Amino acid sequence: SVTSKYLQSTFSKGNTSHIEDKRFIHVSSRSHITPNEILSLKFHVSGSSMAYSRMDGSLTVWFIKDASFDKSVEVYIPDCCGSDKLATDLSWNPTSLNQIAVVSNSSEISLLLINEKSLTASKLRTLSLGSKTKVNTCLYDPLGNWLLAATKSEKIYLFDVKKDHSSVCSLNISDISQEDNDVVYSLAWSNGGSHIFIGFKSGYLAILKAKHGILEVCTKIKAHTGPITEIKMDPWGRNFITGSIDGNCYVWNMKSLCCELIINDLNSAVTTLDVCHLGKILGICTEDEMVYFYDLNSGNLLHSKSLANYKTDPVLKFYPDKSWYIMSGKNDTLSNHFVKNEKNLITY
Amino acid sequence: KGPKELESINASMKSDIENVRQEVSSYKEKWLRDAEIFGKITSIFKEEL
Amino acid sequence: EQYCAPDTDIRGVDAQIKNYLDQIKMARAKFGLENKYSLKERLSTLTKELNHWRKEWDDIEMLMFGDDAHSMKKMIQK
């Protein structure tokens, strides 16, 4: 019951700060409009940086140095990756401390090294592929050993990041799916780059081996009856969580690959999910503008809330180095959460 | 910090400096060759302009 | 383990413990002092030079791409 009180305190009068971004001051001036979006938001591994990209085209990055974003510098940058094209996915390159990979639904993958002394985001390199190929998702092996780029259909590329991003291998999606017109919806890496978990739209789930740089199909299981939205992994490495649009959220055992626990209070589709860095609490953002916080070990609801028709598409992410979580606010504005006197659950 | 981790990170920094020097020399040679070719081509353009 | 030995005396073993401790401190401090200064300076300088050289190479590649685009421009001219 300690975790329930902790979450309640994290939802209190204080212990909360508004992330002061461009959209925040925009709403402050125009309220005291059509909300663009938040395409994606992804931390650095060491828990001391953050990056995200709205629909306008501008990607913000913060260098966390304070709790309530007091002394946190902010490198705002205009619509990068072209003037017409906007960013859709980014990976933070766990190898170094500054590099970033960004994709813009085009045939060009941009590698930019963000600098913190100035506000200059200088394009370091651009990678290109076949002219028709339209990739939109990039990922980094959590050891910084492989890079993955995926299309909505009929292309999957793996580069070796060590040897100057030499194109290592590729694969046609129709060889992985073997169904009628499947479109990969979400990808994820295993803890320590050894396997790639892919969730198609027709419902299937595939596990590809990427040991020595040669992709191969290990297995395919008919997990869900609708498109798979998100795929997350437990940090301790014992189970991986699958959330779908048919209203189900399962947790699969890693050693044996069989369903072990099911979330049953759900009655709506899932838009995203996330699990804390301690592998203890599981946050589900359903489609009825509502968030839930479940317990991983037992599987019973321990906290609920209600978005109340503010920023229809929400986002949730748990810090990789503290028990804090960034959650969307009212009008596409981010809202930090903490307790200001508890860095981790154990200290509580 | 501990002595084992100290020696480990020292060896890692040494290897990183070595690899960085090697890659920097390689990239410098490549950029020099490409810039030489580009200047050989652009000599006529500069003479015309 | 030499403490609970049958014939050994305590004072000599305590002295050996003192010597071991001093050796550990000395080795750790020497390695740390060597690792910090010179390695940090050299790594920073080499990193800056490598970034500059990679930027120059990317500029040369951009010039080659510009020549390739000028080819298509001259083709459109016809």
# chains A, B, ... in the order shown; residues from 1 in each chain; ligands from 1

$ interface_residues --of "chain C" --to "chain A" --cutoff "12 Å" --atoms "only C-alpha atoms" --output "count of residues only"
13

$ closest_atom_pairs --of "chain A" --to "chain B" --cutoff "12 Å" --atoms "only C-alpha atoms" --output "CSV"
residue,atom,partner,partner_atom,distance
A:162,CA,B:19,CA,11.5
A:163,CA,B:23,CA,10.6
A:164,CA,B:23,CA,10.0

$ write_last_selection --atoms "C-alpha atoms" --output "PDB file, in the first residue's frame"
ATOM      1  CA  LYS A 162      30.337   0.652 -34.638  1.00  0.00           C
ATOM      2  CA  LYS A 163      31.788   0.538 -38.171  1.00  0.00           C
ATOM      3  CA  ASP A 164      30.586   3.996 -39.260  1.00  0.00           C
TER       4      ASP A 164
END

$ residues_around --residues "residue 106 (chain A)" --least-positions-apart "4" --cutoff "8 Å" --atoms "only C-alpha atoms" --output "ChimeraX atom specification"
/A:133-136

$ write_last_selection --atoms "C-alpha atoms" --output "compact mmCIF listing (two decimals), in the first residue's frame"
# COMPACT_ATOMS: atom_id res chain seq x y z
CA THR A 133 11.79 3.51 -49.63
CA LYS A 134 9.93 5.58 -47.02
CA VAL A 135 11.18 4.66 -43.53
CA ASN A 136 9.56 6.20 -40.46

$ closest_atom_pairs --of "chain B" --to "chain C" --cutoff "8 Å" --atoms "only C-alpha atoms" --output "tab-separated table"
residue	atom	partner	partner_atom	distance
B:2	CA	C:28	CA	7.2
B:3	CA	C:28	CA	4.9
B:6	CA	C:32	CA	6.3
B:7	CA	C:31	CA	6.6
B:9	CA	C:35	CA	7.9
B:10	CA	C:35	CA	5.3
B:13	CA	C:39	CA	6.4
B:14	CA	C:39	CA	7.0
B:16	CA	C:43	CA	7.6
B:17	CA	C:43	CA	5.5
B:20	CA	C:46	CA	6.3
B:21	CA	C:46	CA	6.3
B:23	CA	C:50	CA	7.3
B:24	CA	C:50	CA	4.7
B:27	CA	C:53	CA	5.9
B:28	CA	C:53	CA	5.5
B:30	CA	C:57	CA	6.9
B:31	CA	C:57	CA	4.6
B:34	CA	C:60	CA	6.1
B:35	CA	C:60	CA	6.3
B:38	CA	C:60	CA	7.7

$ residues_around --residues "residue 337 (chain A)" --least-positions-apart "4" --cutoff "6 Å" --atoms "only C-alpha atoms" --output "count of residues only"
3

$ residues_around --residues "region 270-277 of chain A" --least-positions-apart "6" --cutoff "10 Å" --atoms "only C-alpha atoms" --output "PyMOL selection string"
chain A and resi 228-236+241-249+283-289+291-296+313-325+344

$ residues_around --residues "residue 81 (chain A)" --least-positions-apart "6" --cutoff "8 Å" --atoms "only C-alpha atoms" --output "number ranges by chain"
A: 87, 103-104, 110

$ write_last_selection --atoms "N, CA and C atoms" --output "PDB file, in the first residue's frame"
ATOM      1  N   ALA A  87       9.566  15.684 -38.346  1.00  0.00           N
ATOM      2  CA  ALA A  87      10.117  14.495 -37.708  1.00  0.00           C
ATOM      3  C   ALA A  87       9.010  13.596 -37.178  1.00  0.00           C
ATOM      4  N   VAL A 103      14.162  10.552 -38.030  1.00  0.00           N
ATOM      5  CA  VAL A 103      13.568  10.144 -39.296  1.00  0.00           C
ATOM      6  C   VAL A 103      12.345  11.009 -39.558  1.00  0.00           C
ATOM      7  N   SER A 104      12.089  11.302 -40.833  1.00  0.00           N
ATOM      8  CA  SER A 104      11.036  12.227 -41.226  1.00  0.00           C
ATOM      9  C   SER A 104      10.117  11.658 -42.299  1.00  0.00           C
ATOM     10  N   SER A 110      18.652  11.392 -40.497  1.00  0.00           N
ATOM     11  CA  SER A 110      19.544  12.487 -40.145  1.00  0.00           C
ATOM     12  C   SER A 110      20.179  12.219 -38.789  1.00  0.00           C
TER      13      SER A 110
END

$ select_by_dssp --residues "region 101-291 of chain A" --states "alpha helix (DSSP H)" --output "ChimeraX atom specification"
/A:173-177
